[PDB]
**Q** 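Would you mind keeping the following structure in view while I ask a few things?
Both ligands and their constituent atoms are indexed starting at 1 by order of listing. Throughout, protein chains are lettered first and strands after them, A, B, ... in sequence-line order, and every chain is numbered starting at 1. Basis for what follows: all heavy atoms, side chains included, without hydrogens, waters or symmetry-related copies.
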2 protein chains.
Amino acid sequence: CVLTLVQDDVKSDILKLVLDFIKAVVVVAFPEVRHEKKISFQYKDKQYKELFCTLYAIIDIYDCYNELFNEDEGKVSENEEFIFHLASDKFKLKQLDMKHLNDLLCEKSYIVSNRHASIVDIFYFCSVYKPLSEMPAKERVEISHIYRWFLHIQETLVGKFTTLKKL
Amino acid sequence: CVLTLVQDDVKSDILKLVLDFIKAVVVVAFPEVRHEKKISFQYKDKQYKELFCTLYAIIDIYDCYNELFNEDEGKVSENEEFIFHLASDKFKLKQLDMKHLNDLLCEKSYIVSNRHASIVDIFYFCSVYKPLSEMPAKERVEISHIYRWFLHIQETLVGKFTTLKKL
Ligand SMILES: [Co+2]
Ligand SMILES: [Co+2]
Ligand SMILES: [Co+2]
Ligand SMILES: [Co+2]
């Protein structure tokens, strides 16, 4: 069970955090996680390349579709919707969507879900990390909601696997 | 090996066509394909719900990632990019992107790939089917490229599994 990751990209960060999620929330053994220039995962007979094939293999192996997807709120539709837009946007956020991210979070603890962190939160967390990390205090106060939420994800999902340093 | 599908939606059409693709291009047994109001696939021990979990299970079982994704042209990046935008757009095409679809196809046989039909072509084929099916001849001539390409996909990938009637 070895998962190999890149080290400059948010696709790897997502995968590390999902694992932290799997342990934080769900739960047997866990992947090795070595480093390389490209993303891969080999399990038993099979082999998987890229984030998405990798992601689904991971979710499949840990049975954790419902928890990451808010199946129990029928917000599955909405989770892959959010995470599909983002991976096609190449994980970049424009001010306009930063603003609307910040509105969602005024009145919700999590981006899609009511109850708990889902796959949408893990995706947006690693995407905003650097555009939030490299930031001035005066500006955040515009996105104080994204800020409050970022810290809640950081102090609750982050564990051994994630290497991103605390803000 | 039973795959159960919806019947009013393009998510099912995509899955049927992928199977037709698997036989047309790749290639052992094949799924039963019964009908219901929701998408599902059960294989051996495991069970899968929705199009994407279903899709990846299918691709995983038939080993056909490279062929659907143009791995051999390193256009994997670009394939999931195209198909992620579309599934988040809820499989609807605006005139502006219809127009740009139609430009791609003036000078390319397939949407992303040079060589062969990929996962992007299967996705856009089922999405444009009805906005193309319910159409006037005068208008198509604007999208004559999308039209030429639609017929090429229809006469080459379509097989037993797809139920959409010929245009
Ligand atoms: Co829940
Ligand atoms: Co966008
Ligand atoms: Co090829
Ligand atoms: Co769009």
**Q** Surrounding CD of B:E107 (heavy atoms of other residues, nucleotides or ligands, distance under 6.0 Å), is the total greater than 12?
**A** no
**Q** Tell me, please, which residues at least two apart from B:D63 pass side-chain contact (heavy atoms from CB on, under 4.5 Å).
**A**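 None.
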**Q** Under 30°, 30 to 60°, or over 60°: which ring-plane class applies to B:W149 and B:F125, parallel, tilted or perpendicular?
**A** perpendicular
**Q** Measure the CZ-CD1 distance between B:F52 and B:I59 for me, rounded to the nearest 0.5 Å.
**A**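 So the gap between those two atoms works out to 9.5 Å.
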**Q** Should the ring pair B:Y124 and B:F82 be called parallel, tilted or perpendicular, given that the plane angle runs from 0 to 90° and is split at 30 and 60?
**A**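 Rings of B:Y124 and B:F82: perpendicular, as their planes differ by over 60°.
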**Q** Do any protein N, O or S atoms sit under 2.8 Å from the Co ion (ligand 2), and which ones are they?
**A**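 Sorted hits: A:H85 NE2, A:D89 OD2.
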**Q** Side chain to side chain donor-acceptor pair (under 3.5 Å): which pairs involve residues 24-34 of chain A, sequence neighbours left out?
**A**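 Those involving residues 24-34 of chain A are A:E32-A:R34.
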**Q** Just checking B:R148: does its CZ atom have more than 12 heavy atoms from other residues, nucleotides or ligands closer to it than 6.0 angstrom?
**A**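 More than 12 within 6.0 Å, yes.
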**Q** Any idea how A:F30 and A:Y62 line up, ring-wise: parallel (<30°), tilted (30 to 60°), or perpendicular (>60°)?
**A**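 It falls in the parallel class, under 30°.
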**Q** Side chains of A:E73 and A:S113: do they bring a donor and an acceptor to under 3.5 Å?
**A** yes
**Q** With a cut-off of 2.8 Å, which protein N/O/S atoms are close to the Co ion (ligand 3), if we only count those under it?
**A**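 Counting only protein N, O or S atoms under 2.8 Å from the Co ion (ligand 3), the list reads B:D72 OD1, B:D72 OD2, B:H116 NE2.
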